[PDB]
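Here is the structure we will look at, set down as structure tokens.
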Amino acid sequence: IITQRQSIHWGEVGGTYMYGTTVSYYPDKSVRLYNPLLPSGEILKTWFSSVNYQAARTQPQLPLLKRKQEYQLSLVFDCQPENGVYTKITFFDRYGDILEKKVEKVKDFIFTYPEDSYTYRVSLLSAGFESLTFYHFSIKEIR
Amino acid sequence: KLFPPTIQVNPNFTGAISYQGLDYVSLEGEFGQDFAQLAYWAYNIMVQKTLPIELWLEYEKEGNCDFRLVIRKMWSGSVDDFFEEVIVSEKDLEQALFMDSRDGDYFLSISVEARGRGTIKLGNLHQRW
Amino acid sequence: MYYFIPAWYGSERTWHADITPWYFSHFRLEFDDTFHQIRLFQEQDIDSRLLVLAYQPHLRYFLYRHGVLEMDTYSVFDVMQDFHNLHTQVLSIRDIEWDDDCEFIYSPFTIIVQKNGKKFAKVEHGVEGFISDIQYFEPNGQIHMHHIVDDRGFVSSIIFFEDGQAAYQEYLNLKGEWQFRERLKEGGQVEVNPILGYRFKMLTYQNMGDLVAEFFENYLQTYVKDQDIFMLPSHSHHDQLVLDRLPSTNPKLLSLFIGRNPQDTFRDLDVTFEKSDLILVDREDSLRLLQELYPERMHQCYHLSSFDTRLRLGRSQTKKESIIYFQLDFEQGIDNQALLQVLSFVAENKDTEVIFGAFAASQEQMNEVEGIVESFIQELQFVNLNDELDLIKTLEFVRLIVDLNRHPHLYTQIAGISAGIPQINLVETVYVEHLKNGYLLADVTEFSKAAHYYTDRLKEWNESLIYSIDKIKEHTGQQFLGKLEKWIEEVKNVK
């Protein structure tokens with residue numbers, strides 16, 4: 001018996017930046033972060049599109065994407081300085097080399113899945129947020 | 001050691017889940033009348049062939065509740081079979097837990113069962129010679 | 001419009017993909033001529049579609065692994081199960097609604113769920129980490145039902161067990177309602193759920209193949225035009241099912257590949273050839289044997305070599321080391337004379353490393369060979385690969401491939417000619433041409449002679465690279481799209 005999700009959540013805490021960080025979970029699968037001693041430019045969380053169970057011990061959180069296809073990414077969170085966090089998305093080829101890093105400082109943007117890609121990662125980065133409630137994000141095809 | 005963010009929480013637990021740094025994960029609420037799995041370590045500890053291990057659990061607890069560990073031992077290459085299950089009590093945890101070397105390398109997978117009501121702060125799971 | 005009908009079928013049950021977990025110790029040759037062809041047509045922007053006839057719940061990662069997910073894909077079973085409006089998600093274990101007394105145990109290999117202290121479910125994972133299937137158990141330990149999860153995050157079918165034996169399989173729709181039920185006892189018919197009998201032409205089928213056939217015909221009727229081209233890899237289990245239903249006008253290209261159609265079967269293909277229009281072969285030695293057996297037909301038979309263009313070319317020149325990939329084979333035996341010859345060389349020339357590699361060997365077999373080699377050193381590294389992808393990563397900076405076994409490994413050879421790495425064998429192969437892209441030893445002692453040939457200078461190595469690039473380009477380019485429309489041109493004069 002499986003429950004249907006339109007959106008991608010934080011998932012498990014493993015691999016969240018935890019130096020000085022409390023992370024609280026709620027029944028709606030949202031997550032609350034707090035870290036006063038936190039400078040900018042650190043990777044809070046990363047979501048992966050392919051993982052090995054033995055190392056990850058979760059399932060991947062990102063969907064398979066089609067090479068050369070355009071996608072709409074939508075983040076949904078409440079941050080106290082509205083720019084307390086931003087996003088970067090990184091594309092890796094079959095051999096693990098970076099093809100491309102996008103940085104976006106807004107909650108809705110459009111990206112193209114690069115033609116040589118094989119895996120990719122979405123990261124949230126810090127910019128001295130006081131309060132962050134993270135709800136979810138999503139990645140949808142564009143006609 | 002195994003940091004508290006390797007601990008995953010059982011989905012039936014209805015209470016408060018909070019991870020504080022790499023110090024502890026705090027579970028606060030109703031744990032049930034009898035011992036029932038609250039949390040578990042998602043990663044395994046390996047005990048190698050000539051290298052005996054002893055384990056320490058940093059923790060602290062509050063309220064009318066109790067917890068225990070269930071340690072399960074798996075040969076290298078076992079997928080689903082355990083050869084031992086060891087209930088560890090809170091008093092057992094006042095001392096290090098001895099895991100002896102064996103003829104093959106084996107792995108541990110460790111549950112936290114709890115009953116009662118309160119706040120359990122599971123901390124670092126230490127491993128030494 | 002080209003239509004590819006691949007030969008991606010199961011081992012035990014033909015119409016059912018293999019459900020194996022990620023840690024399962026078995027090397028599978030997934031690459032075939034069809035994958036090379038699909039990738040080729042894609043690079044050239046040729047209008048093509050993919051008809052998957054077999055039950056492929058994990059189709060999408062399969063295609064993604066092989067770099068062909070962007071294909072326009074039709075799955076007959078998807079239609080049978082009434083998957084028109086899908087919701088996709090990456091299934092996480094917390095998406096499943098577990099009963100409230102479940103207890104979780106994580107092993108190095110899988111997730112184990114218990115109730116009342118007894119094993120209750122096992123959650124298994126695919127190569128890229130998605131949830132593959134979930135087995136549910138009785139308190140006595142026997143399997144109860146096996147849920148097969150589509151990689152788009154929903155339960156697709158359930159195998160039901162009786163006393164621990166697989167009894168029947170109910171294939172579900174998106175709402176979990178069973179569409180048809182297959183009996184798994186040989187002679188087993190498939191029964192249609194009568195509350196939706198309108199969806200099928202009849203309510204009982206002798207075997208799954210009859211059902212696949214019915215919906216295959218439906219596909220041809222709504223989508224297919226005349227002089228559409230069909231790319232058919234030959235396989236006993238779909239050659240007649242397809243070729244008996246393709247209208248005569250559609251040119252039909254039958255494709256032969258060494259990993260699928262052993263040469264000793266060419267004698268039996270005449271009835272299939274008569275219903276095909278062209279015959280494509282991956283090797284010239286196979287091409288010759290066809291022109292002997294069927295000379296009335298050598299205007300139909302062309303050679304198109306297949307390459308695995310997933311691999312990078314010429315990246316070894318960027319390293320100072322000469323990394324040597326030595327191919328171990330335990331069921332052919334570890335030739336410790338060849339190990340000794342290899343170890344000698346690497347000690348003697350200090351600008352070189354060796355990688356000893358086995359496919360799907362056990363730790364007992366691996367420890368055996370590290371003991372054998374290390375004890376040789378007293379009187380370098382070891383890798384245990386499980387899939388094509390693993391060898392692909394391993395060969396990235398490899399300068400030289402060494403396979404001194406009696407039957408050189410078919411994928412290692414295809415990787416070598418696909419990456420432009422030269423190969424040293426002890427036997428003749430259709431893939432290595434002596435001193436042009438490899439070295440055929442008269443015997444094992446001549447090894448140091450041959451190794452020096454390709455690790456001394458970049459001169460002779462760099463010609464092997466241009467040999468390989470040149471051969472790839474006469475079979476992957478529009479150098480092939482040119483050849484191809486010439487051939488089907490001929491077919492349309494032949495009618």
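Simple scheme: letters A, B, ... for chains in structure tokens order, numbers from 1 for residues in each chain, numbers from 1 for ligands in the order shown.
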query = When the cut-off is 6 Å and we count only C-alpha atoms, which residues of chain A are near chain C, given as JSON, numbers by chain?
reply = {"A": [1, 2, 3, 50, 51, 52, 53, 54, 59, 66]}
key: Residue list for chain A near chain B as a VMD selection string, 8 Å, only C-alpha atoms   = chain A and resid 12 to 15 18 to 26 57
Store the residues picked out above, limited to N, CA, C and O atoms, as a PDB file, in the first residue's frame.
```pdb
ATOM      1  N   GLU A  12      15.734  11.667   4.836  1.00  0.00           N
ATOM      2  CA  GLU A  12      16.528  11.405   6.028  1.00  0.00           C
ATOM      3  C   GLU A  12      17.625  12.462   6.205  1.00  0.00           C
ATOM      4  O   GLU A  12      18.049  13.125   5.258  1.00  0.00           O
ATOM      5  N   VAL A  13      18.113  12.590   7.438  1.00  0.00           N
ATOM      6  CA  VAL A  13      19.063  13.656   7.758  1.00  0.00           C
ATOM      7  C   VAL A  13      20.463  13.351   7.275  1.00  0.00           C
ATOM      8  O   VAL A  13      21.264  14.281   7.094  1.00  0.00           O
ATOM      9  N   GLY A  14      20.814  12.069   7.147  1.00  0.00           N
ATOM     10  CA  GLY A  14      22.148  11.686   6.730  1.00  0.00           C
ATOM     11  C   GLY A  14      22.695  12.598   5.649  1.00  0.00           C
ATOM     12  O   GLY A  14      22.053  12.801   4.604  1.00  0.00           O
ATOM     13  N   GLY A  15      23.842  13.219   5.935  1.00  0.00           N
ATOM     14  CA  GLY A  15      24.491  14.089   4.976  1.00  0.00           C
ATOM     15  C   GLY A  15      24.025  15.528   4.975  1.00  0.00           C
ATOM     16  O   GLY A  15      24.383  16.280   4.064  1.00  0.00           O
ATOM     17  N   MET A  18      25.664  19.495   9.620  1.00  0.00           N
ATOM     18  CA  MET A  18      25.155  19.374  10.979  1.00  0.00           C
ATOM     19  C   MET A  18      25.952  20.131  12.030  1.00  0.00           C
ATOM     20  O   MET A  18      25.512  20.188  13.183  1.00  0.00           O
ATOM     21  N   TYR A  19      27.074  20.745  11.672  1.00  0.00           N
ATOM     22  CA  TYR A  19      27.880  21.485  12.636  1.00  0.00           C
ATOM     23  C   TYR A  19      27.100  22.702  13.107  1.00  0.00           C
ATOM     24  O   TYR A  19      27.016  23.710  12.409  1.00  0.00           O
ATOM     25  N   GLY A  20      26.520  22.598  14.301  1.00  0.00           N
ATOM     26  CA  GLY A  20      25.729  23.664  14.885  1.00  0.00           C
ATOM     27  C   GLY A  20      24.274  23.667  14.480  1.00  0.00           C
ATOM     28  O   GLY A  20      23.597  24.683  14.662  1.00  0.00           O
ATOM     29  N   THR A  21      23.770  22.564  13.936  1.00  0.00           N
ATOM     30  CA  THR A  21      22.484  22.527  13.255  1.00  0.00           C
ATOM     31  C   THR A  21      21.518  21.654  14.028  1.00  0.00           C
ATOM     32  O   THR A  21      21.852  20.509  14.357  1.00  0.00           O
ATOM     33  N   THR A  22      20.319  22.166  14.298  1.00  0.00           N
ATOM     34  CA  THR A  22      19.240  21.282  14.703  1.00  0.00           C
ATOM     35  C   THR A  22      18.250  21.179  13.551  1.00  0.00           C
ATOM     36  O   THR A  22      18.018  22.150  12.825  1.00  0.00           O
ATOM     37  N   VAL A  23      17.737  19.966  13.349  1.00  0.00           N
ATOM     38  CA  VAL A  23      16.814  19.636  12.271  1.00  0.00           C
ATOM     39  C   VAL A  23      15.638  18.916  12.892  1.00  0.00           C
ATOM     40  O   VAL A  23      15.806  17.837  13.467  1.00  0.00           O
ATOM     41  N   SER A  24      14.458  19.499  12.779  1.00  0.00           N
ATOM     42  CA  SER A  24      13.263  18.968  13.413  1.00  0.00           C
ATOM     43  C   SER A  24      12.297  18.468  12.350  1.00  0.00           C
ATOM     44  O   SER A  24      12.102  19.124  11.324  1.00  0.00           O
ATOM     45  N   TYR A  25      11.675  17.325  12.603  1.00  0.00           N
ATOM     46  CA  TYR A  25      10.734  16.737  11.660  1.00  0.00           C
ATOM     47  C   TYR A  25       9.292  16.888  12.135  1.00  0.00           C
ATOM     48  O   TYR A  25       9.006  16.853  13.337  1.00  0.00           O
ATOM     49  N   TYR A  26       8.382  17.010  11.178  1.00  0.00           N
ATOM     50  CA  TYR A  26       6.959  17.169  11.431  1.00  0.00           C
ATOM     51  C   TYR A  26       6.172  16.169  10.592  1.00  0.00           C
ATOM     52  O   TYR A  26       6.708  15.597   9.636  1.00  0.00           O
ATOM     53  N   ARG A  57      21.841   3.990   1.862  1.00  0.00           N
ATOM     54  CA  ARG A  57      20.817   3.478   2.777  1.00  0.00           C
ATOM     55  C   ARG A  57      19.586   4.385   2.851  1.00  0.00           C
ATOM     56  O   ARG A  57      18.880   4.432   3.858  1.00  0.00           O
TER      57      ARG A  57
END
```
query = Taking into account only C-alpha atoms, which residue in the set B:72, B:49, B:61, B:126 is nearest to chain C?
reply =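 Using only C-alpha atoms, chain C sits closest to B:72.
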message = What's around residue 442 in chain C at 10 Å? Count only C-alpha atoms, leave out sequence neighbours fewer than 4 positions away in its own chain, and write the answer as a list in words.
response =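 Non-adjacent residues within range: residues 425, 426, 427, 446 and 447 of chain C.
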For the residues in the current selection, export N, CA and C atoms as a PDB file, in the first residue's frame.
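part_13.pdb, written as the output of this step:
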```pdb
ATOM      1  N   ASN C 425      45.913 -11.074 -26.926  1.00  0.00           N
ATOM      2  CA  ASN C 425      45.269 -12.370 -26.763  1.00  0.00           C
ATOM      3  C   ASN C 425      46.264 -13.491 -27.030  1.00  0.00           C
ATOM      4  N   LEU C 426      45.833 -14.714 -26.730  1.00  0.00           N
ATOM      5  CA  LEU C 426      46.567 -15.923 -27.087  1.00  0.00           C
ATOM      6  C   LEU C 426      45.892 -16.713 -28.206  1.00  0.00           C
ATOM      7  N   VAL C 427      44.796 -16.185 -28.776  1.00  0.00           N
ATOM      8  CA  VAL C 427      44.013 -16.827 -29.829  1.00  0.00           C
ATOM      9  C   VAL C 427      43.529 -15.767 -30.815  1.00  0.00           C
ATOM     10  N   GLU C 446      56.114 -15.024 -25.166  1.00  0.00           N
ATOM     11  CA  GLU C 446      56.279 -13.860 -26.032  1.00  0.00           C
ATOM     12  C   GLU C 446      55.639 -12.608 -25.452  1.00  0.00           C
ATOM     13  N   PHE C 447      55.100 -12.681 -24.231  1.00  0.00           N
ATOM     14  CA  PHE C 447      54.295 -11.583 -23.704  1.00  0.00           C
ATOM     15  C   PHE C 447      55.095 -10.293 -23.638  1.00  0.00           C
TER      16      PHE C 447
END
```
message = Let's see if you can do this: from backbone DSSP, list all alpha helix (DSSP H) residues in range 44-196 of chain C, as JSON, numbers by chain.
response = {"C": [59, 60, 61, 62, 63, 64, 65, 76, 77, 78, 79, 80]}
